[PDB]
Structures are given as structure tokens and as C-alpha cells.
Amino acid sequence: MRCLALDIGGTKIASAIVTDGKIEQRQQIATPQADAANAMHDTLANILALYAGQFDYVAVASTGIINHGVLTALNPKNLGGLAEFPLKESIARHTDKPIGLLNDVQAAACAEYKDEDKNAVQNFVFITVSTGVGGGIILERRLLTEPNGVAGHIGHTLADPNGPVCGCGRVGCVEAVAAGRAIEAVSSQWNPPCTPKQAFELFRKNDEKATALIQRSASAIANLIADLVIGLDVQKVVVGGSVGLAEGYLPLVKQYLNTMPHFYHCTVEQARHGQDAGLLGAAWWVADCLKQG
């Protein structure tokens, strides 16, 4: 089975043929910015032409939210000229093979899940802690995507009803307490200012103020994990992203989780897939859909 996988990001569009989880014929180009909507139709025409006859199906990971084949977002302006872009329709102009679309965190979730023992692990959550907090949720071995592609936006679940206002407008989201943006909102105000990277370095040197800031983030992620375990019977959580993978961070998350009653505990491990997670995860998911009907 030959998959044309596309990974459409904020800056780069990666494309490849994926066969048996193996990547070939890589290309990377800039995500259209000038006349973005018009330009994207051209780009997609170009990509599908370049790979003509090379694929049995198309799988597309994209930042934002996929709502019935259309690119959208909680705040649509974060996508600029691609807000409400008719992604599946534009690709279908150029091929009659099946086309599956998911968002980039859902694709990364699938990349990490494909290597699991599916008999042992059927309820699985990927959390990325980066500039923001994103998630992808797999229950009974199947990714949650219906009906409108929003499932997995667990960065926007409540962390503290007295916490800061989130970028989305809700008071106290996980993302407003735990994300890199949230760490930098505090560390940038220090005298002198520090980046999140510098805050982590001080944390590893036992600076008490920097430690408090990292603990604020890690404890919020621990409480999200506990919610997922008790609300959904999640069995395993994998954590990635620049903050999620920072040295010392996941051990702190797991320390907070383990202080809670035993029925909130689950397997928590670091993400193992890198740049190609979107291509591989999207390819795995669409094939899974097709195999299942």
C-alpha cells in the first residue's frame, strides 16, 4: 500500500510516499504566504502532479482543525489566508483515490500509537507541550475525530478557574498555565528577562523561583493526565513537544501524578518520533480507516 503523505505546517509542507511505514521521495517546500489561498490551490496541484501514479491513497496532516475536509481553527486568524481553506476538495480535483485528513497533533498521536501492543493498550493519549498544549485521543484503538475534528483539544480543558485567561478566551485553560508561552509570560518579566530555555536551566540548578514556574506547568499536565485516566479509562499517555521533552520535566509530571490516589496512575512516557511523526501517523491512520471499512 502506497500512501502520498502530506504534512502541512505553519512554515513547511513536507510530502512523501510512505509504504510499510517507510518514507521515500521526500520533498519539502514553503507553506504559501503570498496570496495564500490562491497559492495553496496551485501548490496542491503541483504536489499531486509530481507524485502522479505513485500512490494508492492520500493522507494529510495539517495544523489547526480539520472540519469535514476544511481547514479551520479555534481562532481562524491564526491560519491567515488559509482560514476555511477547502483542503480535501482542492486535492480531490487532482485524484480519485481516497483522501484522509487529520490535524498534526492527532497524526503525531498515531505515530506513537502504531508501535504499541494494541491488545495491551487501547486507550491512549498523546500530549504535546510546546508553544501551546495540544492532544490526540485514541479510544478502543481508534483516533477520535468526529464529528467536527475538535476532539483532543485538551489544552483547553480547565487547569485553574482562577488562572489566567487563555488565548482562546476561556479562563484558566491548561494551555494558559503549562505551555511554553505561559512559562515565557512569567520568565520574560523577571529582572533580567529569561526565556523558557533559560528558566529550565535555572530549574535544573535548583533556583527556587524558576523551579516554581516549571512545577506550575508540570503539575497542570499531571492533573490533565489524571482527568484523562479517571474520565476515559486511559491506559497510557505519551508526552512530547519542546517543553514536554525538556530534561527533568516529564519526571516532575510523573512525580505529581504518583502522589495522587492509585486509580489516577497510568503509564506515562516520552515521545519517540520526531519530524516525520506527521507523515507516518497520517499514513498509518488513513490505512487503518480503510482497513476497517
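From 1 onward, residues are counted along the sequence shown.
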**Message:** Comparing average C-alpha B factors as deposited, tell me which of 214-222 and 75-83 sits higher.
**Reply:** 75-83
**Complete:** Averaging the C-alpha temperature factors as deposited, the higher value of 121-129 versus 164-172 falls on 164-172
**Prompt:** So among 115, 140, 146, 104, who wins on Cα B-factor in the entry?
**Reply:** 115
**Request:** Tell me which of 62, 235, 67, 27 tops the list for C-alpha B factor in the record.
**Result:** 27
**Message:** Please say which third, lowest, middle or highest, residue 134 falls into when its CA temperature factor is compared across its chain.
**Reply:** lowest
**Asked** Comparing residue 267 with the other modelled residues of its chain, is its CA B-factor in the lowest, middle or highest third?
**Response** lowest
**Request:** For residue 282, return the chain-relative third of its C-alpha B-factor as stated in the PDB record: lowest, middle or highest.
**Result:** lowest
**Complete:** Chain-relative C-alpha B factor for residue 155 (record values, thirds): the lowest
**Request:** Within this chain's modelled residues, let me know which third the CA B factor of residue 52 belongs to: lowest, middle or highest.
**Result:** highest
